[PDB]
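**Student:** The structure follows.
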Amino acid sequence: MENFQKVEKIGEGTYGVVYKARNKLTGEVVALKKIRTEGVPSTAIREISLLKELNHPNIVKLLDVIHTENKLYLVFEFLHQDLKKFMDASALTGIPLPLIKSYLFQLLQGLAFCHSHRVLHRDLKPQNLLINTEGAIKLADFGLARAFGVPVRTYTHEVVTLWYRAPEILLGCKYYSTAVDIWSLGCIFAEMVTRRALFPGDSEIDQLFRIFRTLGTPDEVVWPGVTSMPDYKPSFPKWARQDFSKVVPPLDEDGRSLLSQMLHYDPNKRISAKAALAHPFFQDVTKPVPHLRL
Ligand SMILES: NC(=O)c1cc([N+](=O)[O-])c(NCCCO)cc1NCc1cccnc1
């Protein structure tokens, strides 16, 4: 690196390889993502650059956008662990409710900020939620999906996770709204509670049908306009809705109520991040210290 010294390979993101690196001058430790293919669109450059101004305590700071040697690198603030790893580490005992609540509350504040600035994530997942020893959790990769357009894959033929995708995306809607992020966060909230993914689909249709089997096959009553969606088929099986008491036991009624509002089929009926912050579920929210082993 011209100014960095790769510490280690953090992993293989959806856009490219990511390294933990140290700025040789400032000495700061950061996450360096090499972006994937042969030109680097200027449209993307301007858009990404805009994200450098999107600063909030629950949003991973984009420190720099480096377009040199016709290559694109994104420099982000570094956090030591992601929520997917934390959940696996907490699988035996489960993340305590107070911490689940603190994290959900912080993530909603982050979404409320991004959404008020007209920035969507579009691909939220546990691996994109980073945590530190102080009890903070931050959203990573906000705005990259729109700026870089179609995702497709990573760069090493890795399989795209569909588990957190909103039904309107699965049904072929071409215009995303802030609601897609609320849906993904609801799926993550449920996973923290039960310690099992809510809708672990292994294909686009399996993803959609897992959603239908749990929440009921949507119709014009609960989702006006659904039968006119691009990929909707009248031949979809019609499953009856299950009770939330069976979907996220043993979450209390405040929790089930909030989750039900984050998983409404109609994106327009889905609760906003701002409104969710006011839900009675957060009446007793606090900020616990997580047991993090680094
Ligand atoms: N900004 C960051 O700090 C960061 C960035 C990305 N990324 O993709 O830009 C990332 N990839 C998620 C892959 C998980 O291995 C993980 C990060 N930190 C959490 C972490 C740090 C060290 C080891 N395991 C997890």
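Every chain in the structure tokens has a letter given in the order shown (A, B, ...), and although residue numbers restart at 1 in each chain, ligands are simply numbered from 1 in the order shown.
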Could you report the residues within 10 Å of ligand 1, using only C-alpha atoms and all ligand atoms, as a PyMOL selection string?
**Tutor:** chain A and resi 8-21+29-34+60-62+74-86+126-132+138-141+294
**Student:** Generate the output file for the selected residues, N, CA and C atoms, as a compact mmCIF listing (two decimals), in the first residue's frame.
**Tutor:**
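Once everything was written out, this is selection-v5.txt:
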# COMPACT_ATOMS: atom_id res chain seq x y z
N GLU A 8 -4.20 -7.74 8.28
CA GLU A 8 -4.77 -9.06 8.02
C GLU A 8 -5.93 -8.96 7.04
N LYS A 9 -6.37 -10.11 6.54
CA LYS A 9 -7.51 -10.16 5.64
C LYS A 9 -8.71 -10.39 6.54
N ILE A 10 -9.64 -9.44 6.54
CA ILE A 10 -10.84 -9.54 7.36
C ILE A 10 -11.84 -10.51 6.75
N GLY A 11 -11.91 -10.52 5.42
CA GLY A 11 -12.82 -11.41 4.74
C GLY A 11 -13.04 -11.05 3.29
N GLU A 12 -14.12 -11.57 2.73
CA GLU A 12 -14.47 -11.32 1.34
C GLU A 12 -15.87 -10.71 1.26
N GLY A 13 -15.92 -9.38 1.28
CA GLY A 13 -17.20 -8.68 1.21
C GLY A 13 -18.00 -8.98 -0.04
N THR A 14 -19.15 -8.33 -0.17
CA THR A 14 -20.01 -8.53 -1.33
C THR A 14 -19.49 -7.76 -2.54
N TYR A 15 -18.56 -6.84 -2.30
CA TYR A 15 -17.98 -6.04 -3.37
C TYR A 15 -16.53 -6.45 -3.66
N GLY A 16 -15.82 -6.85 -2.62
CA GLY A 16 -14.43 -7.26 -2.80
C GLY A 16 -13.78 -7.73 -1.52
N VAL A 17 -12.46 -7.87 -1.55
CA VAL A 17 -11.70 -8.31 -0.39
C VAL A 17 -11.56 -7.16 0.60
N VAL A 18 -11.57 -7.48 1.88
CA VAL A 18 -11.44 -6.46 2.92
C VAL A 18 -10.27 -6.80 3.82
N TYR A 19 -9.45 -5.80 4.11
CA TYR A 19 -8.29 -5.97 4.97
C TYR A 19 -8.32 -5.03 6.15
N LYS A 20 -7.71 -5.45 7.24
CA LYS A 20 -7.57 -4.60 8.40
C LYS A 20 -6.23 -4.00 8.05
N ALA A 21 -6.12 -2.68 8.11
CA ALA A 21 -4.87 -2.04 7.74
C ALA A 21 -4.54 -0.88 8.66
N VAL A 29 -5.92 2.44 12.68
CA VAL A 29 -6.25 1.12 12.17
C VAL A 29 -7.63 1.29 11.53
N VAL A 30 -7.77 0.79 10.31
CA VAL A 30 -9.00 0.94 9.55
C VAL A 30 -9.35 -0.34 8.80
N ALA A 31 -10.52 -0.34 8.17
CA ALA A 31 -10.94 -1.47 7.35
C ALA A 31 -10.79 -0.93 5.92
N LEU A 32 -10.10 -1.69 5.08
CA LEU A 32 -9.86 -1.27 3.71
C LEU A 32 -10.53 -2.25 2.77
N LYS A 33 -11.49 -1.76 2.01
CA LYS A 33 -12.21 -2.62 1.08
C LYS A 33 -11.82 -2.29 -0.36
N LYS A 34 -11.28 -3.28 -1.07
CA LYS A 34 -10.89 -3.12 -2.46
C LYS A 34 -12.16 -3.39 -3.25
N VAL A 60 -21.13 3.13 10.53
CA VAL A 60 -19.69 2.95 10.34
C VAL A 60 -19.18 4.09 9.46
N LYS A 61 -18.27 4.91 9.99
CA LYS A 61 -17.78 6.05 9.23
C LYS A 61 -16.97 5.69 7.99
N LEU A 62 -17.33 6.29 6.86
CA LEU A 62 -16.58 6.09 5.63
C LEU A 62 -15.52 7.20 5.69
N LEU A 74 -12.29 1.69 -0.44
CA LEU A 74 -13.11 2.40 0.51
C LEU A 74 -12.44 2.19 1.85
N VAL A 75 -12.21 3.27 2.58
CA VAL A 75 -11.57 3.18 3.89
C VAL A 75 -12.64 3.47 4.94
N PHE A 76 -12.86 2.52 5.83
CA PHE A 76 -13.86 2.64 6.88
C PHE A 76 -13.26 2.60 8.27
N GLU A 77 -13.98 3.16 9.24
CA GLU A 77 -13.51 3.09 10.62
C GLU A 77 -13.57 1.59 10.94
N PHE A 78 -12.69 1.13 11.81
CA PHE A 78 -12.62 -0.28 12.15
C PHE A 78 -13.32 -0.67 13.45
N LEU A 79 -14.07 -1.77 13.42
CA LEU A 79 -14.71 -2.31 14.63
C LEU A 79 -14.28 -3.76 14.65
N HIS A 80 -14.05 -4.28 15.85
CA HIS A 80 -13.53 -5.63 16.04
C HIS A 80 -14.37 -6.86 15.78
N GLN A 81 -15.69 -6.72 15.78
CA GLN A 81 -16.52 -7.90 15.57
C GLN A 81 -17.83 -7.57 14.89
N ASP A 82 -18.42 -8.56 14.22
CA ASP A 82 -19.70 -8.35 13.56
C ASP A 82 -20.76 -9.12 14.34
N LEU A 83 -22.02 -8.77 14.14
CA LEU A 83 -23.11 -9.40 14.88
C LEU A 83 -23.31 -10.88 14.54
N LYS A 84 -22.96 -11.28 13.33
CA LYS A 84 -23.12 -12.69 12.97
C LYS A 84 -22.19 -13.52 13.85
N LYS A 85 -20.93 -13.09 13.98
CA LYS A 85 -20.00 -13.82 14.83
C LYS A 85 -20.45 -13.76 16.28
N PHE A 86 -20.94 -12.61 16.73
CA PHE A 86 -21.40 -12.47 18.11
C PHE A 86 -22.57 -13.41 18.38
N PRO A 126 -26.70 -9.60 9.53
CA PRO A 126 -25.89 -9.60 10.74
C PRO A 126 -24.42 -9.30 10.49
N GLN A 127 -23.89 -9.77 9.37
CA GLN A 127 -22.48 -9.54 9.07
C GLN A 127 -22.16 -8.08 8.78
N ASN A 128 -23.18 -7.28 8.45
CA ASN A 128 -23.00 -5.85 8.17
C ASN A 128 -23.24 -4.99 9.41
N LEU A 129 -23.47 -5.62 10.56
CA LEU A 129 -23.71 -4.87 11.79
C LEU A 129 -22.48 -5.09 12.66
N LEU A 130 -21.75 -4.02 12.93
CA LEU A 130 -20.51 -4.14 13.71
C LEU A 130 -20.64 -3.66 15.15
N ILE A 131 -19.96 -4.35 16.07
CA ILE A 131 -20.04 -4.00 17.48
C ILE A 131 -18.68 -3.78 18.13
N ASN A 132 -18.67 -3.03 19.22
CA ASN A 132 -17.42 -2.80 19.94
C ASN A 132 -17.62 -3.17 21.41
N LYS A 138 -23.07 -0.63 15.00
CA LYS A 138 -23.15 0.30 13.88
C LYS A 138 -23.45 -0.39 12.58
N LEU A 139 -24.17 0.31 11.72
CA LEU A 139 -24.54 -0.22 10.41
C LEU A 139 -23.41 0.05 9.42
N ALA A 140 -22.99 -0.98 8.69
CA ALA A 140 -21.91 -0.85 7.71
C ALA A 140 -22.46 -1.05 6.31
N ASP A 141 -21.87 -0.31 5.37
CA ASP A 141 -22.24 -0.35 3.96
C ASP A 141 -23.52 0.37 3.54
N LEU A 294 -12.11 -10.87 22.16
CA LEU A 294 -11.45 -10.52 20.91
C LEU A 294 -10.14 -11.27 20.72
**Student:** Run DSSP on the backbone and grab whatever in range 19-172 of chain A lands in helix (DSSP H, G or I); send it over as JSON, numbers by chain.
**Tutor:** {"A": [42, 43, 44, 45, 46, 47, 48, 49, 50, 51, 52, 53, 83, 84, 85, 86, 87, 88, 89, 97, 98, 99, 100, 101, 102, 103, 104, 105, 106, 107, 108, 109, 110, 111, 112, 113, 114, 115, 116, 126, 127, 128, 144, 145, 146, 147, 148, 167, 168, 169, 170]}
**Student:** Using only C-alpha atoms, which of the listed residues (A:191, A:253, A:38, A:28) sits closest to residue 100 in chain A?
**Tutor:**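 Going through A:191, A:253, A:38, A:28 one by one, the smallest distance to residue 100 in chain A is for A:191.
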**Student:** I'd like the contact shell of residue 23 in chain A - 6 Å cut-off, only C-alpha atoms, skipping same-chain residues fewer than 3 positions apart - returned as a list in words.
**Tutor:**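 Within the cut-off, the hits are residues 3, 4, 26, 27 and 28 of chain A.
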**Student:** For range 209-214 of chain A, find every residue with an atom within 6 Å (counting only C-alpha atoms), except residues of its own chain fewer than 5 positions away, and show them as a ChimeraX atom specification.
**Tutor:** /A:199,239,241-242
**Student:** Please produce a file of the residues just selected, as a short mmCIF file (atom, residue, chain, number, x, y, z; two decimals), in the first residue's frame, where the atoms kept are C-alpha atoms.
**Tutor:**
data_model
loop_
_atom_site.label_atom_id
_atom_site.label_comp_id
_atom_site.auth_asym_id
_atom_site.auth_seq_id
_atom_site.Cartn_x
_atom_site.Cartn_y
_atom_site.Cartn_z
CA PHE A 199 -36.43 -17.12 6.90
CA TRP A 239 -50.66 -20.60 3.17
CA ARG A 241 -50.65 -17.00 8.63
CA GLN A 242 -49.08 -18.37 11.84
#
**Student:** Give me, please, the distance in Å between CA of residue 223 in chain A and CA of residue 146 in chain A, quoted to one decimal.
**Tutor:**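 Between CA of residue 223 in chain A and CA of residue 146 in chain A the gap works out to 25.6 Å.
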**Student:** Rank nothing, just name the residue among A:44, A:221, A:35, A:285 nearest to residue 155 in chain A, using only C-alpha atoms.
**Tutor:** A:35
**Student:** If we count only C-alpha atoms, what is near range 259-276 of chain A at a cut-off of 6 Å, once residues fewer than 6 positions away on the same chain are taken out, given as a compact mmCIF listing (two decimals) with C-alpha atoms, in the first residue's frame?
**Tutor:**
# COMPACT_ATOMS: atom_id res chain seq x y z
CA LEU A 108 -33.19 1.97 14.48
CA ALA A 112 -33.75 6.83 11.10
CA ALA A 179 -39.16 -0.12 4.24
CA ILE A 182 -37.01 -2.15 8.37
CA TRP A 183 -37.91 -5.63 7.06
CA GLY A 186 -37.04 -7.18 11.83
CA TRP A 223 -51.17 -5.86 0.54
**Student:** Which is closer to residue 118 in chain A than all the others in A:176, A:69, A:169, A:101, using only C-alpha atoms?
**Tutor:**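 Among A:176, A:69, A:169, A:101, it is A:176 that comes nearest to residue 118 in chain A.
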**Student:** Once DSSP has gone over the backbone, tell me which residues of range 42-280 of chain A are in strand (DSSP E), as a PyMOL selection string.
**Tutor:** chain A and resi 62-68+71-77+81-82+129-131+137-139
**Student:** Those selected residues, please, written with C-alpha atoms and delivered as an mmCIF file, in the first residue's frame.
**Tutor:**
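Heads up, here's the output in out.cif:
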data_model
loop_
_atom_site.group_PDB
_atom_site.id
_atom_site.type_symbol
_atom_site.label_atom_id
_atom_site.label_comp_id
_atom_site.auth_asym_id
_atom_site.auth_seq_id
_atom_site.Cartn_x
_atom_site.Cartn_y
_atom_site.Cartn_z
ATOM 1 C CA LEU A 62 -16.582 6.086 5.629
ATOM 2 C CA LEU A 63 -13.191 7.786 6.074
ATOM 3 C CA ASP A 64 -12.044 7.907 2.474
ATOM 4 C CA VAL A 65 -12.903 7.020 -1.086
ATOM 5 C CA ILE A 66 -9.666 6.434 -2.965
ATOM 6 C CA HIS A 67 -9.757 6.362 -6.735
ATOM 7 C CA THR A 68 -6.133 5.943 -7.829
ATOM 8 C CA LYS A 71 -8.808 1.302 -8.757
ATOM 9 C CA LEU A 72 -11.392 1.946 -6.022
ATOM 10 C CA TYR A 73 -10.764 1.515 -2.306
ATOM 11 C CA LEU A 74 -13.111 2.404 0.511
ATOM 12 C CA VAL A 75 -11.572 3.184 3.889
ATOM 13 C CA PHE A 76 -13.864 2.645 6.879
ATOM 14 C CA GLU A 77 -13.515 3.089 10.620
ATOM 15 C CA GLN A 81 -16.520 -7.904 15.572
ATOM 16 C CA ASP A 82 -19.702 -8.348 13.556
ATOM 17 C CA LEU A 129 -23.713 -4.870 11.786
ATOM 18 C CA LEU A 130 -20.513 -4.141 13.708
ATOM 19 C CA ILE A 131 -20.042 -4.003 17.484
ATOM 20 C CA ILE A 137 -23.495 -1.365 17.290
ATOM 21 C CA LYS A 138 -23.147 0.301 13.885
ATOM 22 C CA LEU A 139 -24.537 -0.218 10.407
#
